[PDB]
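What follows is a single structure, written as structure tokens, with notes after it.
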Amino acid sequence: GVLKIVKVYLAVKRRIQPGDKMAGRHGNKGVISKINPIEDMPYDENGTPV
Amino acid sequence: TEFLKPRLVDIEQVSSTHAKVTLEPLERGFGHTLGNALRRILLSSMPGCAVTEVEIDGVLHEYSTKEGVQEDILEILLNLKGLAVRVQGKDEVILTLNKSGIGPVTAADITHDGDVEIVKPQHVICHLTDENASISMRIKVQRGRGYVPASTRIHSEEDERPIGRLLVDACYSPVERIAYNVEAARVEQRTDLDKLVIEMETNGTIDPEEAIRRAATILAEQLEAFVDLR
């Protein structure tokens, strides 16, 4: 019954955002709540933020 | 009773990317009030130049390969968005690159221009592993401040652009590390004055003194909503 078929492949990029789930290898898991500016972050005595 | 005022005593250049400045004399409790304001300004608002679009010929999207070149095209775009360039008189410029042979393709192979300069001429762009291989591209560079991802300005203007112009994300800010210190100043009459030392790490493409002038200017212009109220 079918005469022909056409198939299309899309590609998408996904950047991380509030709501995405994250985890480590020790059972600690959680959701991202905020992306906050570079100069609001705690920093050490040498200027390097976390 | 009136306050003393700080002055831009000395600037020491430890490297082409790292420097130290000193402001003195300051009253008691003004090393922190100025230190943190200037660190918060210098880290978010300085202007600079960045790569915004690429065209390679015989290339339709960034998920392809090219014969004779051993990087995918995504890796070439990622190597290009880390290119530090300084532009003298315009707010936009277009460069070209043409290379042929075997070996690495670096930033010293972009064609010479009058009022554009490249602070790191050994930044690696790609490799050519074939003798009959050649690459040719034309790169668009712009000026701005902040961080603008490509998925935001592709919504700025909506008209048709040809298939084959690949968008890159723009990180415009040239300052990457700021630290500061408050030490005891040495003035012969009083001992309740301090000096403020600022350590700066950049990618080239900006002067430390001019950067401090821009930061102080932005702060002084923002205070005018209070200095004259209603």
- Message: Within 10 Å of each candidate Cβ there may be at most 10 other Cβ atoms; applying that plus a DSSP loop requirement, which GluC sites (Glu not before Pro) in the stretch B:147-230 survive?
- Response: B:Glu157, B:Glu158, B:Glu160, B:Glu188
- Message: How many angstrom lie between the Cα centre of the stretch B:157-201 and the Cα centre of the stretch B:37-88?
- Response: 20
- Message: Over 30 Å between Cα atoms: which of A:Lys21/B:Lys66; A:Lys34/B:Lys66; A:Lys13/B:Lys20; B:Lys20/B:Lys81 fall into that group?
- Response: A:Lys21/B:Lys66; A:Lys34/B:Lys66; A:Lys13/B:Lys20
- Least to most buried among B:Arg230, B:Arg177 (fewest other Cβ within 10 Å first): B:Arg230, B:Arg177
- Can you tell me which of B:50-59, B:143-152 comes out highest on packing, and rank the rest after it, using the mean Cβ neighbours within 10 Å? B:50-59, B:143-152
- Item | Note, ³J(HN,Hα) from phi for the stretch B:14-29, Karplus 6.51, -1.76, 1.60, rounded to Hz, x at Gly and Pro | 6, 8, 6, 10, 9, 8, 9, 10, 9, 10, 7, x, 10, 6, 6, x
- Could you work out the Kirkwood radius for the protein assembly as shown, taking every pair of different alpha carbons, averaging 1/r and inverting it, reported in Å? 23.0
- With +1 at each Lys and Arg Cβ and -1 at each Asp and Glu Cβ, the charge dipole magnitude of the protein assembly as shown around its Cα centre, to the nearest 20 debye, comes out at 1060
- Alpha-carbon Debye profile of the stretch B:1-115, log10 I(q)/I(0) at 0.10, 0.15, 0.20 Å⁻¹: -0.57, -0.89, -1.24
- Spelling it out for B:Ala170: with amide H atoms placed in the peptide plane at 1.01 Å from N, the residues 5 or more places away or on another chain with amide H under 5 Å from its amide H are B:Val148, B:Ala150
- Once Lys and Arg get +1 and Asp and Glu get -1 on their Cβ, which of B:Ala19, B:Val59, B:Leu97 lies farthest toward the positive end of the dipole of the stretch B:1-110? B:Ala19
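Every read-out reported here was derived from the displayed coordinates using simple, explicitly stated rules and does not represent laboratory data. No Cβ is skipped: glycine too gets one built from the backbone with ideal geometry, and neighbour counts run over all protein chains shown.
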